[PDB]
Each structure stands twice: as structure tokens, then as C-alpha cells.
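**Student:** First the structure, then my questions, so here it is.
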Amino acid sequence: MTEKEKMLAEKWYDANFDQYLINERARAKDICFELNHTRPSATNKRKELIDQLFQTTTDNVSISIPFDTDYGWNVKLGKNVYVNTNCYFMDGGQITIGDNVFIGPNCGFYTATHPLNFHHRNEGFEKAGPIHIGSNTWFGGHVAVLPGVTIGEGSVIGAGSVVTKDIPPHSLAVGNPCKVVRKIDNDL
Amino acid sequence: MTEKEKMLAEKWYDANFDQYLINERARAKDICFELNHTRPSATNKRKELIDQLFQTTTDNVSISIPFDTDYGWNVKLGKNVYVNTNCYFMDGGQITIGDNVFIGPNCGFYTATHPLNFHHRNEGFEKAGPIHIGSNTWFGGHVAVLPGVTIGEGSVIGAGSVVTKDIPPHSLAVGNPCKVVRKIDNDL
Amino acid sequence: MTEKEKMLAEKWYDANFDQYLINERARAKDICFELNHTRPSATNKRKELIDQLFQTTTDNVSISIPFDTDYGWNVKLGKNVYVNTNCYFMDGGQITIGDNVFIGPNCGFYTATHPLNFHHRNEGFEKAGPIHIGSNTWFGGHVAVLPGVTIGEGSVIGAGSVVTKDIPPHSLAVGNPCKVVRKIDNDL
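Residue numbers (the deposited numbering), protein chains in the order written: chain A, 1 to 188; chain A', 1 to 188; chain A'', 1 to 188. A prime marks a further copy of an entry chain.
Here is the structure:
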């Protein structure tokens with residue numbers, strides 16, 4: 001297997017020295033840099049850059065600068081996704097975002113695990129754990145979501161939360177660590 | 001009532017589709033972009049931009065870039081307010097800051113509430129809850145303050161705090177959620 | 001003693017009005033501004049700027065922009081230090097970082113203490129508490145480290161942690177406040 005293949009298979013992979021991955025990270029970083037230095041009212045140029053970054057034709061994905069991502073093509077986005085300032089989609093592990101998702105400022109979605117043993121870590125190995133963000137969700141600012149975590153559809157995550165475990169659908173959840181407070185009635 | 005009027009009255013308002021509000025948000029974003037790309041030693045240009053953003057003549061308001069705000073004119077500032085890097089004043093609900101206030105880096109002051117029910121939220125409605133920051137206050141870095149919260153004069157908020165409830169005057173408070181530790185003797 | 005000398009001696013010093021310190025802060029800020037607006041693929045220019053900022057010849061210190069520091073020359077770095085996006089090394093008190101250190105995004109290392117009494121604080125006095133980051137360490141994103149804190153070699157700090165007290169070597173630690181979970185076996 002190539003290191004990309006290992007990355008996408010939740011296997012340990014040589015994140016630091018593999019050339020294809022190094023190149024892809026460089027591509028995304030330079031696109032982010034361009035985006036981050038594009039005037040917010042330059043609507044068409046921003047759309048172009050975002051679509052280039054995510055390698056897709058987005059539908060009402062609004063990104064408030066600055067923004068960061070590692071690969072870009074490993075963020076799968078629904079329509080009507082509102083990303084406020086200074087978010088980071090660390091997407092070695094796929095980050096899947098549904099439709100109608102409100103992401104507050106300074107949110108970090110982290111899919112990278114490093115080894116606990118520093119000898120292995122120092123060699124550059126990582127393991128990627130995908131993040132699944134359901135449709136119809138709202139994240140407050142300053143939220144961090146950890147590798148492998150799923151946040152169910154219709155759920156609301158309070159500001160400051162550190163989401164270390166899966167959050168069921170239609171739930172209000174807050175805290176560090178993030179814990180369900182109660183259910184949300186999402187009926188029409 | 002116009003949507004601005006509803007915003008300022010703590011009523012639900014159509015934050016996403018109202019044209020006056022969309023225009024005002026665009027004005028502030030482009031000013032922030034300019035500010036954020038102005039060399040820190042360009043003292044007069046920065047002062048000009050800050051005063052334009054807040055629509056006021058500031059008195060020793062020091063803003064370390066980057067900085068973000070939604071409207072700018074809905075941040076009311078005292079004199080001698082020191083804002084470190086990467087703060088966000090989300091000011092749909094008025095943010096009132098007193099005199100002699102030290103704001104650490106990566107602090108977010110959030111006045112926006114969205115509906116819990118995703119059907120209402122998805123339609124773009126918000127409700128703004130003003131934030132009142134007393135004079136003679138100090139915030140550590142990485143603090144988030146939630147809608148409707150008042151932090152009393154003379155109080156100190158530890159790094160990392162998530163301030164979900166009002167903090168009385170002359171109090172030392174820390175945590176997520178932020179809780180008073182003890183009183184501060186602020187006598188001369 | 002000069003105010004720099006007091007700063008470096010853990011004494012109260014006039015951080016706000018001393019001219020040498022004001023000048024040094026201005027030097028570092030303008031270097032950071034340049035760095036933060038340099039294309040990430042401009043490898044040689046970035047290396048130049050980083051070495052200028054830290055006043056040293058770095059060895060595989062990788063800084064993902066944006067980055068911020070107060071003095072730069074008061075950050076002592078080992079080799080193979082990986083700093084992800086939007087970190088702040090607030091280095092009035094010396095920040096010493098070992099070899100083989102992985103620093104996640106949105107981490108803040110804060111060495112400044114202000115007086116609790118607002119009358120003293122308002123006069124601009126600060127006290128700097130050095131931070132020591134051991135070799136062979138890994139910090140998740142959104143971590144804040146407070147003044148005077150030491151994180152032992154071989155230790156791992158979970159995302160979102162607020163490190164208010166020293167963390168022993170070879171420890172896994174998480175939380176706000178950050179607490180040791182268990183020991184790490186770091187044997188070959």
C-alpha cells in the first residue's frame with residue numbers, strides 16, 4: 001500500500017516523509033494562503049479558490065478567513081455550510097460535513113493521532129481517524145473535535161467544548177469533555 | 001420593526017437575508033481585512049482603520065492583529081483597552097467594554113444565539129444577547145464569553161475560561177464553565 | 001536594574017512604558033507580520049525570517065502560519081520542533097522547547113502575569129514566569145500553558161487542555177485544568 005492508502009485505511013502511515021503527501025499538503029497550503037489574502041468582497045475569486053481547495057463545486061459553503069486544511073480534497077461538504085473565522089479542518093482522516101451546518105469561529109476538527117511512544121512518534125508516523133459532522137448541526141466557537149468522532153444530525157455543541165466521544169443525534173452537548181445535556185425536539 | 005431594530009431589541013431577527021445587515025457585515029469585514037494586512041508599525045493608518053471600524057474616536061485602544069468583528073459600530077469601548085492577537089468581537093448584540101481592560105489572545109466574545117430547532121435555525125434566525133465587560137478587568141488567553149453575559153468591574157478571568165454566566169465585580173474566576181474562585185481586594 | 005533585567009529575574013517590571021522593551025516588541029511584531037504574509041512554499045525566505053525572529057540558526061523548526069511571539073529571542077528551541085497554525089509564544093518569560101516537539105494548532109504558551117489589584121495592573125506592571133517544554137513531547141490543538149509551568153520530557157498533552165500546573169515526564173495529561181491520566185511507557 002502507498003502511504004495515502006494507509007492514511008485512508010486508518011493504518012499508521014509516514015505522514016512526514018512521503019512525497020505524494022508532502023506535495024498534496026503543499027498544494028493545499030498555498031491555496032489557503034491565497035484564500036486568506038483575498039478580500040472578502042471578491043466573491044467570485046473566493047468561490048474559485050474554495051472550489052479548487054476542496055476539489056469540488058460547492059453549494060453555499062461560506063468560509064470566513066482565515067481558514068486552514070491539510071489536504072482539502074479530504075473534506076466532504078454538503079450544501080449550506082457556514083464556517084466562521086479561524087477554523088482548521090485537519091483532514092488526513094476524511095472530514096464529512098452534512099447540509100445546513102453552522103460552524104463557529106476558532107473551531108478545530110482534528111483527525112490526526114500520533115503514537116504515544118515518542119520513538120515511534122519521532123519517526124513521523126500518524127494514524128488518521130475520520131470525523132463525521134451530521135446535517136442540521138450548530139457548533140459554538142472555540143470547539144475542538146478529536147479523531148474518529150461522529151456528531152449526530154440535529155445536534156448542538158456549546159462554545160468551548162472538547163468533543164472526545166461521539167454525540168448522538170438531536171442532542172444539546174457542552175463541556176470539556178463534551179457531554180450531552182439533553183435532547184432537542186427538532187420536529188417541524 | 002426592521003431586522004436591525006429586532007437585533008438590537010433582543011428579538012429573533014433574519015440575520016442571514018436582511019440586506020442592511022448583510023451590507024454592514026460586509027463593510028466591517030473589508031475594514032478588518034485591511035487592518036489585518038497593515039504593518040503593525042504603521043501607527044497612524046491602524047488608528048484610522050480602527051476608528052473607521054468602530055465608528056468612533058478611540059483613546060488608547062490597542063488591537064493586535066488579526067482582529068475580527070461583525071458590525072464594529074456595536075462595540076462600545078472605553079479608554080485604555082488592550083486587545084491581544086486573534087480576538088473576535090461578535091457584536092450583533094452590543095459589546096460594551098469599560099476603561100482599563102486587558103484582553104488576552106484568542107478571546108471570543110459571542111453575542112449570537114441560534115434556535116435549537118434546526119428548522120428555525122436553518123431559516124437564518126438569530127437572537128443577540130449583549131455582553132458587558134466592566135472597567136478594570138483582565139482576561140487571560142483562550143477565553144470565550146457567551147451571549148448576555150456581564151463581567152463585573154475589577155474582575156479577573158483565567159485563561160481558557162468559558163464564561164456562561166455573569167461574574168460579579170472584584171472576582172477572580174476560572175474554568176469551563178467559569179466559576180468564581182475568590183474575591184479580589186482592589187483597594188488603593 | 002533595567003526593566004529587561006527585572007523581566008528576566010521574575011520581578012515586577014514596567015512592561016508597558018519601558019522603551020527598550022517597547023522597541024524589541026516592535027521588532028518581533030514586524031518580523032511576524034512579514035513571516036505571516038510570506039507564501040508557505042517560499043522555503044528560504046521563511047527560514048531567514050524565522051532565524052531573524054528567534055535570533056538563532058534553527059534546525060528543522062517548522063512554523064505554520066500565522067505565528068506570534070513577543071520578543072522571539074526569548075524562545076529557546078531545540079531541533080525538530082513542529083509548530084502548527086496560529087500558535088502564540090508569549091515569551092517575556094523565557095520559553096524553552098526541547099528537541100522533537102509536536103505543537104498542535106491554536107496553542108498558546110503564556111508567560112505573563114498581571115497584578116490582581118487593578119491599580120497596579122493599570123500602571124502596566126507584569127511578572128514573567130518561564131515555561132519549559134521538554135523534549136519528545138506532543139501537544140494537541142487548542143492547548144494553553146500558563147506562566148511558570150514545566151511539561152516534562154516524553155509527555156503528551158490532550159487537545160483543549162489548560163495546563164496550570166507542572167506535568168511530570170512520561171505522562172499522558174488532559175483537561176481544563178490539565179491532569180495526568182496515566183504514565184507512558186517510552187522504552188525503545
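From the three backbone atoms N, C-alpha and C, an ideal C-beta is built for every residue, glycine too.
(1) For the structure I just gave you, are there three or more beta carbon pairs, one from the stretch 85-102 of chain A' and one from the stretch 130-141 of chain A', closer than 8 Å?
(2) So, with DSSP's three-state summary, where would you put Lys-76/A?
(3) Listing by chain order, which chain A'' residues have their CB less than 9 Å from the CB of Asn-186/A'?
(4) Is the CB of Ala-159/A'' under 7 Å away from at least one CB in chain A?
(5) By Cβ distance, which residues of its chain are closer than 7 Å to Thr-111/A, with the 5 residues on each side in sequence left out?
(6) Output the boundary residues of the alpha helix (DSSP H) element that contains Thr-85/A'.
(7) What residue range is occupied by the uninterrupted beta strand (DSSP E) comprising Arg-182/A''?
(8) Grouping DSSP H, G and I as helix and E and B as strand, with all else coil, what is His-120/A'?
(9) Shortest alpha-carbon distance to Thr-58/A' belongs to which of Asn-106/A', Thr-113/A', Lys-76/A', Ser-64/A'?
(10) Closest by CA to residue 189/A, which one among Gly-158/A'', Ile-151/A'', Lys-179/A'', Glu-10/A''?
(11) For the putative contact between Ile-65/A and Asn-84/A, defined by C-beta atoms under 8 Å, what is the C-beta separation to the nearest angstrom?
(12) Quick one: what does DSSP say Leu-188/A'' is sitting in, helix, strand or coil?
(13) Out of curiosity, what's the CA-to-CA distance linking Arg-25/A' and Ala-9/A?
(14) Grab the span of the alpha helix (DSSP H) containing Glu-48/A' for me, first residue to last.
(15) If you count every other CB in all the chains shown that lies within 10 Å of the CB of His-119/A', and 16 or more means buried, which is it?
(16) When you compare only the Cα positions, how much space is there between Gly-72/A' and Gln-55/A'?
(17) Who are the neighbours of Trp-138/A' on chain A'', taking C-beta pairs under 7 Å?
(18) Reducing DSSP to helix, strand and coil, say where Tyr-71/A ends up.
(19) What's the C-alpha gap between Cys-87/A'' and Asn-176/A?
(20) Measuring CB to CB, does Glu-3/A' end up less than 7 Å from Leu-21/A'?
(21) Which value, in whole angstroms, describes the spacing of the CA atoms of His-142/A and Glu-123/A?
(22) Closer than 7 Å by beta-carbon distance: list the chain A'' residues that pair up with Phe-33/A, in chain order.
(23) Which of the residues in the stretch 77-106 of chain A, read from start to end, lie with their CB under 8 Å from any CB of chain A''?
(24) Terminal residues of the continuous alpha helix (DSSP H) containing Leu-146/A''?
(25) For the stretch 171-184 of chain A'', list every residue whose C-beta sits within 9 Å of some C-beta in chain A, in sequence order.
(26) Which chain A'' residues sit within Cβ distance under 7 Å of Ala-26/A?
(27) Residues of chain A'' with CB closer than 9 Å to the CB of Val-61/A', please, in chain order.
(28) Which residue wins for smallest C-alpha separation from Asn-16/A, given the options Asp-70/A, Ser-62/A, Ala-42/A?
(29) Measuring straight from C-alpha to C-alpha, what distance separates residue 203/A' and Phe-33/A''?
(30) Buried or exposed for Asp-68/A, going by 16 or more other Cβ atoms inside 10 Å?
(31) Would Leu-116/A' and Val-181/A be called neighbours here (beta carbons separated by less than 7 Å)?
(32) To the nearest angstrom, how far is the alpha carbon of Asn-186/A'' from that of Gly-160/A''?
(33) Hey, is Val-75/A''s beta-carbon within less than 7 Å of any beta-carbon in chain A?
(34) Enumerate in chain order the residues of its own chain whose CB-to-CB distance from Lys-79/A' is below 6 Å, with the five nearest sequence positions on each side excluded.
(35) Check whether the Cβ of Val-143/A'' lies closer than 7 Å to any Cβ atom in chain A.
(36) I'd like to know whether the C-beta atoms of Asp-18/A and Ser-41/A'' end up nearer to each other than 7 Å.
**Tutor:** This is what the structure gives:
(1) yes
(2) strand
(3) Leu-116, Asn-117, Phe-118, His-119
(4) yes
(5) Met-90, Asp-91, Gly-92, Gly-93, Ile-95, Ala-128, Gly-129, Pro-130, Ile-131, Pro-147
(6) Taken as a continuous stretch (DSSP letters only), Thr-85/A' belongs to no alpha helix (DSSP H), as it is neither H nor E.
(7) 179-183
(8) helix
(9) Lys-76/A'
(10) Outside the displayed span of chain A (1 to 188) sits residue 189/A, for which this structure offers no information.
(11) With a Cβ gap of about 10 Å, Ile-65/A and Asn-84/A do not count as contacting.
(12) coil
(13) 42 Å
(14) 43-54
(15) exposed
(16) 7 Å
(17) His-114, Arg-121
(18) coil
(19) 21 Å
(20) yes
(21) 31 Å
(22) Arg-39, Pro-40
(23) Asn-86, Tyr-88, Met-90, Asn-106
(24) From DSSP, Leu-146/A'' is part of no alpha helix (DSSP H); its letter is neither H nor E.
(25) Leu-172, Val-174, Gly-175, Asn-176, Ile-184
(26) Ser-41
(27) The contacting residues do not exist; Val-61/A' stays about 14 Å from chain A'' at best.
(28) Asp-70/A
(29) Outside the shown range of chain A', which is 1 to 188, sits residue 203/A', and nothing can be said about it.
(30) buried
(31) no
(32) 23 Å
(33) no
(34) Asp-59, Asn-60, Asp-99
(35) no
(36) no
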